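Please read the structure below before turning to the comments.
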Amino acid sequence: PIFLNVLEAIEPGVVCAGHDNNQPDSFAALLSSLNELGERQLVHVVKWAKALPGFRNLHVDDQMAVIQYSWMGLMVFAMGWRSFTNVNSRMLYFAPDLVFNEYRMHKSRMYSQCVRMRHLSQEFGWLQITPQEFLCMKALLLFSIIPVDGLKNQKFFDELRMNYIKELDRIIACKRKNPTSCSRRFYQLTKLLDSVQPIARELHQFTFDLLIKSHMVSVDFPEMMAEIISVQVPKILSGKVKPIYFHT
Ligand SMILES: C[C@]12CCC(=O)C[C@@H]1CC[C@@H]1[C@@H]2CC[C@]2(C)[C@@H](O)CC[C@@H]12
Ligand SMILES: O=C(O)Cc1cc(I)c(Oc2ccc(O)c(I)c2)c(I)c1
Ligand SMILES: O=C(O)Cc1cc(I)c(Oc2ccc(O)c(I)c2)c(I)c1
């Protein structure tokens, strides 16, 4: 129906990192390219978000707020999916020009986090996630993290988030023959969605600490990334902004 046509239409295409693969895989270069890629994906996330049904109706400050708090989860999720469809989750497919193998995972100094990310990617397979479910789940990640003291207009946010969860229901209910399977599916997908948060939090910690010592380890942070990671990420790391979990 209408909802799905929109999600499929506004889905971003391929985004390159600009990484020079003809150079050695050093920590400095890898992370600098990961950051450039982050900067680049940020642009598409803003456009994608503002193309989502009802998003433009949220207060403007809240629009920027939710994007600034949820981009990590959004990009990690999309990446995991790309990884599943492109290389069957055998490697982290950040970008066509930035695929991480075992060696790069280690060189990046975030090996265990990459492992968590590959596990997430694999879930798409174990759970046989359909493209429709991926799209609706991803739209939901945009509405999955807010400040403890609420947004400028929490009411509208809670209403919009509810409607997106409803859409996810339709998508689940539009296939499952029996009723015990839908309840089960919803449980599986909400668990999957929650599982994204812990991974995002770890990357939040990592990039934050990395920005602090960026000058000493020669890692470049583009403008947007540097401001968001020094202004927004810290609100998450200090507990002022928290994720919305379905389960305990
Ligand atoms: C979101 C990105 C870039 C977009 C993507 O495909 C997922 C990936 C997950 C790791 C992030 C990276 C952006 C730059 C970060 C934040 C580095 O500073 C450390 C963790 C990196
Ligand atoms: O499935 C469908 O019919 C499509 C659909 C999808 C959504 I998300 C939805 O939610 C709102 C709520 C407030 C608002 O201002 C806007 I714009 C949209 C509605 I209403 C309909
Ligand atoms: O695409 C559009 O609508 C135009 C547009 C694009 C961008 I990028 C933008 O600025 C930022 C920069 C970083 C960031 O995290 C956020 I949130 C917003 C603005 I304001 C408007």
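By order of appearance in the structure tokens: chains A, B, ..., then residues from 1 within every chain, and ligands from 1 in the order shown.
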### Query
What's the 6 Å shell around residue A:241, counting only C-alpha atoms, without same-chain residues fewer than 3 positions away, as an NGL selection string?
:A and (146-148 or 235-236)
Now that the selection is made, can you save its residues with C-alpha atoms as a PDB file, in the first residue's frame?
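Okay, this is what ended up in again_1.pdb:
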ATOM      1  CA  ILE A 146      14.948  10.759  22.961  1.00  0.00           C
ATOM      2  CA  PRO A 147      15.922  12.987  25.923  1.00  0.00           C
ATOM      3  CA  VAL A 148      14.754  11.941  29.367  1.00  0.00           C
ATOM      4  CA  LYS A 235      24.057  13.778  26.194  1.00  0.00           C
ATOM      5  CA  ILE A 236      23.605  10.097  25.424  1.00  0.00           C
TER       6      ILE A 236
END
### Within 6 Å of ligand 1, counting only C-alpha atoms and all ligand atoms, residues as a PyMOL selection string
chain A and resi 31+34-35+37-38+72+75-76+79+94+203+206-207
### Query
When the cut-off is 7 Å and you count only C-alpha atoms and all ligand atoms, which residues lie near ligand 3, shown as a ChimeraX atom specification?
/A:42-43,46-47,50,64-65,67-68,224,228
### Task
Name the residues in contact with residue A:131 at a cut-off of 12 Å, using only C-alpha atoms, excluding same-chain residues fewer than 5 positions from it; report them as number ranges by chain.
A: 4, 7-8, 11, 78, 81-82, 84-85, 124-125, 136-138, 171-172
Preceding selection exported with C-alpha atoms as a compact mmCIF listing (two decimals), in the first residue's frame:
# COMPACT_ATOMS: atom_id res chain seq x y z
CA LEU A 4 5.42 0.81 1.74
CA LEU A 7 9.50 3.78 2.30
CA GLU A 8 10.79 2.02 -0.81
CA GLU A 11 15.35 4.67 0.52
CA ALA A 78 21.34 -0.14 7.27
CA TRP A 81 21.45 -5.11 6.01
CA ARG A 82 23.81 -4.07 3.20
CA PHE A 84 23.69 -9.36 4.50
CA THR A 85 22.51 -8.65 0.93
CA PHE A 124 18.79 -10.59 9.12
CA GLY A 125 19.45 -14.07 7.79
CA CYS A 136 9.66 -0.30 8.58
CA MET A 137 12.08 -1.34 11.33
CA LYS A 138 14.65 1.19 10.12
CA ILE A 171 3.54 -5.50 7.48
CA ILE A 172 3.71 -8.40 9.94
### Query
When DSSP works through the backbone of this structure, what residues of stretch 67-235 of chain A end up as alpha helix (DSSP H), shown as a PyMOL selection string?
chain A and resi 67-87+102-107+111-126+131-141+154-173+179-212+223-231+233-235
